[PDB]
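One chain follows as structure tokens, the form deposited in one PDB entry.
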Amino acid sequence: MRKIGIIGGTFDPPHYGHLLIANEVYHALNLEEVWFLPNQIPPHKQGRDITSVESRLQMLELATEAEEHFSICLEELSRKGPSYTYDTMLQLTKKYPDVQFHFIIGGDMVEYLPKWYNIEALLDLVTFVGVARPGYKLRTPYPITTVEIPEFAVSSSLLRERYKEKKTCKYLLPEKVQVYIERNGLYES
């Protein structure tokens, strides 16, 4: 069974925290590759001006085009939302029976796991990987592999606020992506 890591999120926008995490785990547990899985736009969000899935995908290709081992997984975008990880992993496990999936999660998300949908049944479908700062320890009743990393506390939401507020975004996300964001007016048009 080949080992593949998957990092899910809105990727609105994708950033160095996503890349760093992927790289870190890729090497730490020696994975064949890491797939970036964008989730579907959940209901009741089109009430303001929201980034289309199309742009999130373009920014995601910009961010990962330089890595052969980083791919985009459209499984969740191929269906309606919200995107429950359990439903998703159930389809990916059926599509790739020879793969052991490692679902990568940021240390700050670990506590929220008991609230995920069918998380216990989801535990049979994959192996969770919680990422944490060197020396810190993730707490959870669930079996989870930990990978210590120079964790980068950047997120898509903070980047959205920064752009809306004409704040700095230096070092926060790939250059080819900030270009795409300004050229197209995202979060600050």
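Note that residue numbering follows the sequence shown and begins at 1. Shifts are known only where both forms have a C-alpha. The term rigid core refers to the most C-alpha atoms you can superpose between the two forms while keeping them within 1.5 Å.
Although it is not shown, the form deposited in another entry is what the next lines describe.
A.B. asks: Can you tell me which of these residues, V147, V126, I41, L62, is the one whose C-alpha shifts by at least 2 angstroms between the shown form and the other one after a rigid core fit?
C.D. replies: Per the superposition, the moving residue is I41.
A.B. asks: Could you check whether the CA atom of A28 moves 2 Å or more between the shown form and the other one, using the rigid core for the fit?
C.D. replies: No, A28 moves less than 2 Å.
A.B. asks: Kindly indicate if, in the other entry, the C-alpha atoms of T10 and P42 are closer or farther apart than in the structure shown, bearing in mind the change is 3 Å or more.
C.D. replies: Closer: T10 and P42 approach by 3 Å or more in the other entry.
A.B. asks: Versus the form shown, are the CA atoms of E182 and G47 closer or farther apart in the other entry, given a shift of 3 angstroms or more?
C.D. replies: Relative to the displayed form, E182 and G47 move farther apart in the other entry - a change of at least 3 Å between their C-alphas.
A.B. asks: After a core superposition, which runs of 3 or more consecutive residues shift by at least 2 Å in C-alpha position between the shown form and the other one?
C.D. replies: Runs with every C-alpha shifted by at least 2 Å: 41 to 50, 132 to 138.
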